[PDB]
Amino acid sequence: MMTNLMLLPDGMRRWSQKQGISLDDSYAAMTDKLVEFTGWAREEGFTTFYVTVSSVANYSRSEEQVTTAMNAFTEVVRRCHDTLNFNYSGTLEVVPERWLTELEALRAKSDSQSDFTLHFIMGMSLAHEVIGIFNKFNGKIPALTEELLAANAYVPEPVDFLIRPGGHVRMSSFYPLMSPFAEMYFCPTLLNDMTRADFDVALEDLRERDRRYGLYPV
Amino acid sequence: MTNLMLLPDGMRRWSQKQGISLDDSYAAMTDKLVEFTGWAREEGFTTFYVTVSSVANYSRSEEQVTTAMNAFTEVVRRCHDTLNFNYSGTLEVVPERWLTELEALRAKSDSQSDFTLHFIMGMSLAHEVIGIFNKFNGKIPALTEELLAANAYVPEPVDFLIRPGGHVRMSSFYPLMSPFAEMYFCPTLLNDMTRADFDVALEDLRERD
Ligand SMILES: CC(C)=CCC/C(C)=C/COP(=O)(O)OP(=O)(O)O
Ligand SMILES: CC(C)=CCC/C(C)=C/COP(=O)(O)OP(=O)(O)O
Ligand SMILES: [Mg+2]
């Protein structure tokens with residue numbers, strides 16, 4: 001069984017306020033922690049490590065906040081892109097061109113033959129995703145099929161495991177469209193405080209679960 | 001003007017725990033759901049959503065589908081006279097007998113009640129999107145957030161979502177247009193849920209913001 005993993009990052013402002021440090025340093029710690037998380041996910045045999053980078057609404061923040069966040073996320077790819085396959089998707093039209101250009105170049109320079117993939121999803125929002133798909137195919141086809149929908153969703157496959165640190169038990173705009181049976185794990189520990197042990201007990205929890213897919217066992 | 005959504009789970013597990021049949025466990029679920037509707041109404045929620053089934057659920061055996069659909073329909077048989085009942089979802093995968101009875105019960109419900117019980121059947125974001133597209137294909141210049149919200153299975157954003165039974169997952173029950181929904185999971189099986197469990201769940205959900 002080949003599994004994949006998805007991380008929902010949040011709590012950089014909470015960590016910066018809690019520590020009495022700047023938002024920029026909090027995001028630098030987020031970059032370090034995300035490099036760590038990518039390493040851990042690769043060590044644990046996950047085929048793809050998904051990171052829900054941002055929602056559409058996040059790009060309504062101030063220019064500086066968007067620059068800091070997008071730079072922090074991009075630095076992860078700058079550091080690890082040489083040894084893995086990098087890809088990205090989402091509501092790309094709301095992402096500033098600077099980051100689309102740099103992330104495209106980094107995607108071109110990544111090892112597309114690697115057995116491990118880091119995938120960023122930016123501008124996540126089920127409303128915008130569905131509206132984009134509908135408008136793309138509106139009137140041009142007799143009916144939308146599961147295959148087309150799967151081929152045009154932001155996340156190109158069902159997600160197996162989903163982890164959200166930071167104490168919020170909610171999905172926000174990050175729920176994957178084609179993942180009805182994804183397993184969810186929440187923990188109060190902030191992302192920048194997550195240790196390898198926290199990750200490991202999370203994986204104990206997630207791998208302990210019996211996956212039914214809506215059916216009774218046989 | 002708040003609403004609540006319940007994801008039922010733990011009927012087979014409860015039947016095994018109590019040493020009873022699946023039908024008996026689902027009868028206990030019927031009683032428990034009548035109770036839950038009462039609790040939700042007393043707490044001021046305008047609409048109580050219950051995720052009856054997913055698309056995958058109808059791939060179960062005929063006996064299992066009949067047991068579940070009968071218990072859920074029995075809830076409406078008991079409560080339809082005192083509240084407003086409505087339903088939605090991927091209706092084409094629901095057996096016609098149950099759609100017929102549920103439609104008749106919806107027509108007989110109190111459409112003037114300030115409280116609504118709403119079943120969603122055959123839940124699946126893929127099938128929901130496919131159905132919306134097929135419904136509006138070529139009939140509109142472009143899909144808007146307003147139209148999408150007006151035609152999704154759940155017709156409004158969900159405030160609170162509760163899943164007892166110990167499984168931390170949506171199992172195809174995620175409400176499409178609820179980006180700000182708060183989720184509460186608890187290990188207590190649905191059939192073991194008391195009013196106090198509901199109340200502390202509401203404490204947890206209301207403490208957050
Ligand atoms: C393009 C942009 C702006 C991306 C935003 C990056 C992000 C995941 C912020 C969430 O953390 P938070 O600081 O908002 O959480 P908290 O307030 O709890 O610290
Ligand atoms: C039409 C159908 C089949 C509806 C199914 C409704 C449902 C998800 C019940 C959950 O309890 P359960 O039956 O899965 O019990 P348990 O959690 O113990 O397996
Ligand atoms: Mg179940």
# chains A, B, ... in the order shown; residues from 1 in each chain; ligands from 1

call {"tool": "closest_atom_pairs", "arguments": {"of": "chain A", "to": "chain B", "cutoff": "6 Å", "atoms": "only C-alpha atoms", "output": "CSV"}}
result
residue,atom,partner,partner_atom,distance
A:131,CA,B:143,CA,5.6
A:135,CA,B:142,CA,5.6
A:138,CA,B:137,CA,5.4
A:139,CA,B:138,CA,4.2
A:143,CA,B:134,CA,5.6
A:144,CA,B:130,CA,5.6
A:169,CA,B:183,CA,5.6
A:170,CA,B:182,CA,5.2
A:172,CA,B:179,CA,4.7
A:173,CA,B:179,CA,5.0
A:180,CA,B:172,CA,4.1
A:181,CA,B:171,CA,4.6
A:183,CA,B:169,CA,5.1
A:184,CA,B:169,CA,5.3
A:214,CA,B:57,CA,5.1
A:215,CA,B:60,CA,5.8

call {"tool": "write_last_selection", "arguments": {"atoms": "N, CA, C and O atoms", "output": "PDB file, in the first residue's frame"}}
result
ATOM      1  N   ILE A 131     -15.704  26.280  -9.231  1.00  0.00           N
ATOM      2  CA  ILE A 131     -16.091  27.302 -10.202  1.00  0.00           C
ATOM      3  C   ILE A 131     -15.138  27.300 -11.389  1.00  0.00           C
ATOM      4  O   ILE A 131     -15.560  27.425 -12.548  1.00  0.00           O
ATOM      5  N   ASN A 135     -16.456  26.500 -15.162  1.00  0.00           N
ATOM      6  CA  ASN A 135     -16.245  27.487 -16.215  1.00  0.00           C
ATOM      7  C   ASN A 135     -15.324  26.954 -17.301  1.00  0.00           C
ATOM      8  O   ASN A 135     -15.490  27.299 -18.475  1.00  0.00           O
ATOM      9  N   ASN A 138     -17.811  24.432 -19.126  1.00  0.00           N
ATOM     10  CA  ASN A 138     -19.212  24.817 -19.293  1.00  0.00           C
ATOM     11  C   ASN A 138     -19.614  24.869 -20.762  1.00  0.00           C
ATOM     12  O   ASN A 138     -19.096  25.683 -21.534  1.00  0.00           O
ATOM     13  N   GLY A 139     -20.540  23.990 -21.146  1.00  0.00           N
ATOM     14  CA  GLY A 139     -21.066  23.951 -22.492  1.00  0.00           C
ATOM     15  C   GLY A 139     -20.197  23.252 -23.511  1.00  0.00           C
ATOM     16  O   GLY A 139     -20.665  23.009 -24.631  1.00  0.00           O
ATOM     17  N   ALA A 143     -21.195  15.950 -20.415  1.00  0.00           N
ATOM     18  CA  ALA A 143     -21.318  15.750 -18.978  1.00  0.00           C
ATOM     19  C   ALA A 143     -19.931  15.664 -18.359  1.00  0.00           C
ATOM     20  O   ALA A 143     -18.977  15.211 -18.995  1.00  0.00           O
ATOM     21  N   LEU A 144     -19.832  16.110 -17.110  1.00  0.00           N
ATOM     22  CA  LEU A 144     -18.582  16.016 -16.372  1.00  0.00           C
ATOM     23  C   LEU A 144     -18.468  14.616 -15.787  1.00  0.00           C
ATOM     24  O   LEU A 144     -19.414  14.114 -15.172  1.00  0.00           O
ATOM     25  N   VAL A 169      -9.289  22.545  15.450  1.00  0.00           N
ATOM     26  CA  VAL A 169      -9.904  21.340  14.911  1.00  0.00           C
ATOM     27  C   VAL A 169     -10.905  21.764  13.845  1.00  0.00           C
ATOM     28  O   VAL A 169     -12.111  21.866  14.101  1.00  0.00           O
ATOM     29  N   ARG A 170     -10.399  22.017  12.642  1.00  0.00           N
ATOM     30  CA  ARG A 170     -11.194  22.470  11.509  1.00  0.00           C
ATOM     31  C   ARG A 170     -10.340  22.308  10.262  1.00  0.00           C
ATOM     32  O   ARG A 170      -9.114  22.190  10.345  1.00  0.00           O
ATOM     33  N   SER A 172     -10.753  24.518   7.461  1.00  0.00           N
ATOM     34  CA  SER A 172     -10.695  25.782   6.732  1.00  0.00           C
ATOM     35  C   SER A 172     -11.022  25.561   5.257  1.00  0.00           C
ATOM     36  O   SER A 172     -11.985  24.861   4.932  1.00  0.00           O
ATOM     37  N   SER A 173     -10.226  26.142   4.359  1.00  0.00           N
ATOM     38  CA  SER A 173     -10.399  25.974   2.923  1.00  0.00           C
ATOM     39  C   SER A 173      -9.550  24.846   2.355  1.00  0.00           C
ATOM     40  O   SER A 173      -9.374  24.771   1.133  1.00  0.00           O
ATOM     41  N   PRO A 180     -12.547  11.693  -0.143  1.00  0.00           N
ATOM     42  CA  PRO A 180     -13.659  11.509   0.803  1.00  0.00           C
ATOM     43  C   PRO A 180     -13.303  10.671   2.020  1.00  0.00           C
ATOM     44  O   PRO A 180     -13.932  10.836   3.071  1.00  0.00           O
ATOM     45  N   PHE A 181     -12.301   9.797   1.922  1.00  0.00           N
ATOM     46  CA  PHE A 181     -11.924   8.891   3.003  1.00  0.00           C
ATOM     47  C   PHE A 181     -10.555   9.204   3.602  1.00  0.00           C
ATOM     48  O   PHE A 181      -9.920   8.316   4.177  1.00  0.00           O
ATOM     49  N   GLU A 183      -7.869  10.293   6.250  1.00  0.00           N
ATOM     50  CA  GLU A 183      -7.830  10.254   7.704  1.00  0.00           C
ATOM     51  C   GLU A 183      -7.223  11.542   8.233  1.00  0.00           C
ATOM     52  O   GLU A 183      -6.223  12.036   7.708  1.00  0.00           O
ATOM     53  N   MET A 184      -7.855  12.097   9.260  1.00  0.00           N
ATOM     54  CA  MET A 184      -7.473  13.383   9.819  1.00  0.00           C
ATOM     55  C   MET A 184      -6.874  13.206  11.206  1.00  0.00           C
ATOM     56  O   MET A 184      -7.342  12.381  11.998  1.00  0.00           O
ATOM     57  N   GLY A 214     -16.464   3.384   3.660  1.00  0.00           N
ATOM     58  CA  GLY A 214     -17.908   3.313   3.701  1.00  0.00           C
ATOM     59  C   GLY A 214     -18.496   1.921   3.723  1.00  0.00           C
ATOM     60  O   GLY A 214     -19.727   1.792   3.702  1.00  0.00           O
ATOM     61  N   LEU A 215     -17.673   0.878   3.771  1.00  0.00           N
ATOM     62  CA  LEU A 215     -18.146  -0.498   3.724  1.00  0.00           C
ATOM     63  C   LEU A 215     -17.878  -1.204   5.046  1.00  0.00           C
ATOM     64  O   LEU A 215     -16.982  -0.821   5.805  1.00  0.00           O
TER      65      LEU A 215
END

call {"tool": "residues_around", "arguments": {"residues": "residue 187 (chain A)", "least_positions_apart": "5", "cutoff": "9 Å", "atoms": "only C-alpha atoms", "output": "PDB file with N, CA and C atoms, in the first residue's frame"}}
result
ATOM      1  N   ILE A 163      -2.596  15.952   8.433  1.00  0.00           N
ATOM      2  CA  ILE A 163      -2.148  16.356   9.763  1.00  0.00           C
ATOM      3  C   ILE A 163      -2.313  17.862   9.909  1.00  0.00           C
ATOM      4  N   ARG A 164      -2.944  18.282  11.005  1.00  0.00           N
ATOM      5  CA  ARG A 164      -3.083  19.697  11.346  1.00  0.00           C
ATOM      6  C   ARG A 164      -2.628  19.939  12.780  1.00  0.00           C
ATOM      7  N   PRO A 165      -1.428  20.472  12.962  1.00  0.00           N
ATOM      8  CA  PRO A 165      -1.025  21.006  14.264  1.00  0.00           C
ATOM      9  C   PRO A 165      -1.646  22.379  14.494  1.00  0.00           C
ATOM     10  N   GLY A 166      -1.461  22.888  15.711  1.00  0.00           N
ATOM     11  CA  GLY A 166      -1.850  24.244  16.033  1.00  0.00           C
ATOM     12  C   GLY A 166      -3.103  24.405  16.866  1.00  0.00           C
ATOM     13  N   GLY A 167      -3.788  23.318  17.214  1.00  0.00           N
ATOM     14  CA  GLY A 167      -4.897  23.388  18.140  1.00  0.00           C
ATOM     15  C   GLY A 167      -6.252  23.683  17.530  1.00  0.00           C
ATOM     16  N   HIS A 168      -6.317  24.037  16.251  1.00  0.00           N
ATOM     17  CA  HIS A 168      -7.597  24.278  15.598  1.00  0.00           C
ATOM     18  C   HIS A 168      -8.109  22.971  15.007  1.00  0.00           C
ATOM     19  N   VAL A 169      -9.289  22.545  15.450  1.00  0.00           N
ATOM     20  CA  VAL A 169      -9.904  21.340  14.911  1.00  0.00           C
ATOM     21  C   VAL A 169     -10.905  21.764  13.845  1.00  0.00           C
ATOM     22  N   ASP A 198       6.539  13.917  18.034  1.00  0.00           N
ATOM     23  CA  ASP A 198       5.151  14.285  17.757  1.00  0.00           C
ATOM     24  C   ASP A 198       4.696  13.725  16.416  1.00  0.00           C
ATOM     25  N   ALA A 202       1.830  10.847  15.861  1.00  0.00           N
ATOM     26  CA  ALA A 202       0.804  11.112  14.860  1.00  0.00           C
ATOM     27  C   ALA A 202       0.689   9.955  13.876  1.00  0.00           C
TER      28      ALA A 202
END

call {"tool": "residues_near_ligand", "arguments": {"ligand": "ligand 2", "cutoff": "10 Å", "atoms": "only C-alpha atoms and all ligand atoms", "output": "JSON, numbers by chain"}}
result
{"A": [212, 213, 214, 215, 216, 217], "B": [7, 8, 9, 10, 11, 12, 13, 14, 15, 16, 17, 22, 25, 26, 29, 51, 52, 53, 54, 55, 56, 57, 58, 59, 60, 61, 62, 63, 64, 65, 66, 67, 68, 69, 70, 71, 72, 93, 94, 95, 121, 122, 164, 165, 166, 167, 171, 172, 173, 189, 190]}

call {"tool": "closest_residue", "arguments": {"among": "A:192, A:89, A:38, A:47", "to": "ligand 1", "atoms": "only C-alpha atoms and all ligand atoms"}}
result
A:192

call {"tool": "select_by_dssp", "arguments": {"residues": "region 1-202 of chain B", "states": "alpha helix (DSSP H)", "output": "PyMOL selection string"}}
result
chain B and resi 11-18+22-42+62-79+96-107+125-136+145-151+195-202

call {"tool": "residues_near_ligand", "arguments": {"ligand": "ligand 1", "cutoff": "10 Å", "atoms": "only C-alpha atoms and all ligand atoms", "output": "ChimeraX atom specification"}}
result
/A:8-18,23,26-27,30,51-73,94-96,122-123,166-168,190-191

call {"tool": "select_by_dssp", "arguments": {"residues": "chain B", "states": "strand (DSSP E or B)", "output": "PyMOL selection string"}}
result
chain B and resi 3-6+47-51+54+84-89+116-121+123+160-164+169+182-186

call {"tool": "closest_residue", "arguments": {"among": "B:31, B:74, B:128, B:192", "to": "residue 178 (chain A)", "atoms": "only C-alpha atoms"}}
result
B:128
